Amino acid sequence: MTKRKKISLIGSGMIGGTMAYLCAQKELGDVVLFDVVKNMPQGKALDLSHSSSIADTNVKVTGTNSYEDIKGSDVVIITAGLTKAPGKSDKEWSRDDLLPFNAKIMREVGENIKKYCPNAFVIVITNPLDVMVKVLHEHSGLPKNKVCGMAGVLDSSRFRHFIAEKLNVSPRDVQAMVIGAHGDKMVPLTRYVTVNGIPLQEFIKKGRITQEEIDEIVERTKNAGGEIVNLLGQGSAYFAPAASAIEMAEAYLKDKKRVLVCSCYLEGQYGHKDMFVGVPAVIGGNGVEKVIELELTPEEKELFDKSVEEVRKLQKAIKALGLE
């Protein structure tokens, strides 16, 4: 009587397929790979189905161009949209140039979620992340706690990796957060970086790392997306983005109460409301179950507010289109 969890991946591109692969490997549930491109998602679904046999896991992987197949989905993860705006080089790529392109897609997707799986937990990945999640939320009519954006987990995992590498410790034992908008005004929280709860400052004071190296890592974290785009030559990152979204999905599916930075609907926290922005949150069976309001210093609070200001800017541009 109790069926497997159902996870619909709206967008079967690099990140879409990669998330499906994680689902197959982890046996998270049945997977629906949706895309507007004909044949391709069916192709990937076949490949993934074969991969599940190798993994000795029990997972149906379905490729589709029909929104009807997302019916009854427990989780929906959205990557539909463009990665690199047309006519832009590698060394000038920006998430903000995509807004006119991707906003209309979020409406169509939101509308379809509304009628096929209105009780799904929905994770948005499409850029510009923080406004795309807002557009999705509006047109889907979903509860504020059942929709969020993936960015913070990815930005934070990068911050963690860079710190872990410099200190030569397991990234499991580094805690680091990046809050705010997903972009150049993201706010890596150096003051909150710990090694198993030990303040990063203790490693400074002990000369395991210098403040200047920390400053460089902060900058590298902010630019990490572009760094990868430049090195690859084609497209952008997808391994860590896929893993990031699936960590959020697992938190929901198994009611884990993970503390993860996600793009969450604010209802007054940090003195802001009516937008999604990167904040630490408790993720569980009820979606975004809690937004944690950090005791930011005035300096930190100003960086966050400037970050939120960027989102506000894009939001008007969205308003000057016609997507409620």
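From 1 onward, residues are counted along the sequence shown.
Chemist: For the stretches 202-210 and 99-107, which has the higher mean C-alpha B-factor as given in the deposited record?
Modeler: Per the deposited B-factors, the answer is 99-107.
Chemist: If you take the mean CA temperature factor per stretch, which one wins between 192-200 and 124-132?
Modeler: 124-132 has the higher mean C-alpha B-factor.
Chemist: Can you tell me which of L232, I77, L154, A242 has the maximum CA B-factor listed in the PDB entry?
Modeler: Highest CA B-factor of the listed options: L232.
Chemist: For the listed residues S170, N223, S140, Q175, which one has the largest C-alpha B-factor as given in the deposited model?
Modeler: Largest recorded C-alpha B-factor: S140.
Chemist: Of the three thirds of its chain by CA temperature factor, lowest, middle or highest, which one includes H161?
Modeler: According to the entry, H161 has a C-alpha B-factor in the chain's lowest third.
Chemist: State the tercile, meaning the lowest, middle or highest third, of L266 with respect to the CA B-factors recorded for its chain.
Modeler: Its C-alpha B-factor belongs to the middle third of this chain's values.
Chemist: Which third, lowest, middle or highest, does the C-alpha temperature factor of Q42 belong to within its own chain?
Modeler: Lowest third of the chain for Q42's C-alpha B-factor.
Chemist: Which third of the chain does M248 land in by C-alpha B-factor: lowest, middle or highest?
Modeler: For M248, the deposited C-alpha B-factor lands in the lowest third.
Chemist: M275's Cα B-factor: lowest, middle or highest third of the chain?
Modeler: It falls in the top third of the chain.
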